[PDB]
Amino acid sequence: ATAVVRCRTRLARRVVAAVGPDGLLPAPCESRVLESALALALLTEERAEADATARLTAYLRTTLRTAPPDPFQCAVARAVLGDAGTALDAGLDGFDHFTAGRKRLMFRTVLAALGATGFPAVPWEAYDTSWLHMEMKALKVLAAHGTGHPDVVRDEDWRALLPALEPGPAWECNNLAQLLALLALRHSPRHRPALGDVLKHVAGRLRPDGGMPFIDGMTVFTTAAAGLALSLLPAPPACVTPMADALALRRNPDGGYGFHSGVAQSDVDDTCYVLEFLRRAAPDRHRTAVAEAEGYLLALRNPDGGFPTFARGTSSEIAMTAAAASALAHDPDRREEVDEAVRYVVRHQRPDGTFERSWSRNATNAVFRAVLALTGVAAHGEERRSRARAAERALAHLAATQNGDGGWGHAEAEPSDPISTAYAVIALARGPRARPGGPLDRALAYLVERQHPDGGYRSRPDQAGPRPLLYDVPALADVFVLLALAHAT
């Protein structure tokens, strides 16, 4: 067959092989400078775990020399190894997001807690907010102590930090939140009896490179997206059934899914990938889980017709809204909600054809999720025309910004990477048929050329969290390129 199909085949063999007999595709997170610096600060202040702190120090020095992260994380590493506002401004340069103002407070207070800048002169209520709740409480506590006002801290602020004193892996698999909470709790005499045992668990988490990852992994997200990709192949492999089983038995009591095992917070992104996969691979076997996932999404839907990531009443997001439209459109009884969601997507498209950056740092992610909803959900007459025009503008944005090598990067003038390109390919597969030399043909040839001899892909990461900071789950590169090749063939 074609070079593209041969590439798809070699990549599918690799993804199938990576899935274990438990049905899960392992998806560890790489070490990150921010959490490595906070773990170094915490263990240094407590005079604990000297072997670990020596490895953390070496990891930070190596990473800064050879693969420096964004300027905020660099300033954080420099603060612990030893200006701040320039790093904060550069690290949040054009951060167009509804969280930007809270993020500025959060990131400035992290730098202040490490001695790199002064604490924000804000009313304490500015810290008041489940997502980022523990982090912001820990930072409020660090600001009260760091400015010399420890009496400000209320018992209800400490109470929010208690999960950080639990043994074992971090609550909600989130090392950033546990580390910030422990940096706060170590100032409280009443919480110190629990600190010593948790510092042993923290030090135990260091990766072979000496660093601390942001999260324990992302196996639910990664298994669901891989299952979806495999289920779009002409003859899906037998392993989609144990993958579907492994996901369904991890659903939370609200019917949704978190990003890893042991994450009790469901979110719309994970739940949409799980639902799209189950609908294709196991709609009867897991009929009840499907219904529970639809019910979860419907219960989050905001009054503007959009969907948030975690909780009704927080801002709707374009990509989550498009994802939910596509996942709910499988049921004809949900047509009203699906059409209101697609109408939200059209209404929020930008004048240049783009949508947003949120959980991914490239523009092409939300473009693909929007284009799948705009072209996959049933529509006729004037509404079909409206959605077609919107999809055309999004695909035209892709063509206008395609790099000479056929790929896309995180922004119009960045070097190409396989994940940003994979998202563009999924979108372009809903446009005109590929023609020699056209945008989709060239994008596919870019992906063919970037395949490694081992059958996989190595890519700069795109995932952000807390937004806009990048973290690296390398198993996603193969998965999203396979999803692209399955859509495009």
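Counting begins at 1, following the sequence as shown.
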query: Count class of deposited residues lacking coordinates, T129 to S130; finding: 4 to 9
query: Chain break class at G82/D83 - deposited residues not modelled; finding: 10 or more
query: Mean C-alpha B-factor comparison - 177 to 185 and 96 to 104, higher one; finding: 96 to 104
query: 41 to 49 or 424 to 432, whichever carries the higher mean Cα B-factor; finding: 41 to 49
query: Among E276, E125, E172, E317 - the residue whose C-alpha B-factor is largest in the record; finding: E125
query: Criterion, highest CA B-factor; candidates, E166, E392, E337, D267; finding: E337
query: For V448, the third of its chain into which the C-alpha B factor falls; finding: middle
query: CA B-factor ranking of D462, expressed as a third of its chain; finding: lowest
query: Chain-wide C-alpha B factor ranking for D417, given as lowest, middle or highest third; finding: lowest
query: Third of the chain, ranked by Cα B-factor, where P28 sits; finding: lowest
query: Third of the chain, ranked by Cα B-factor, where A400 sits; finding: lowest
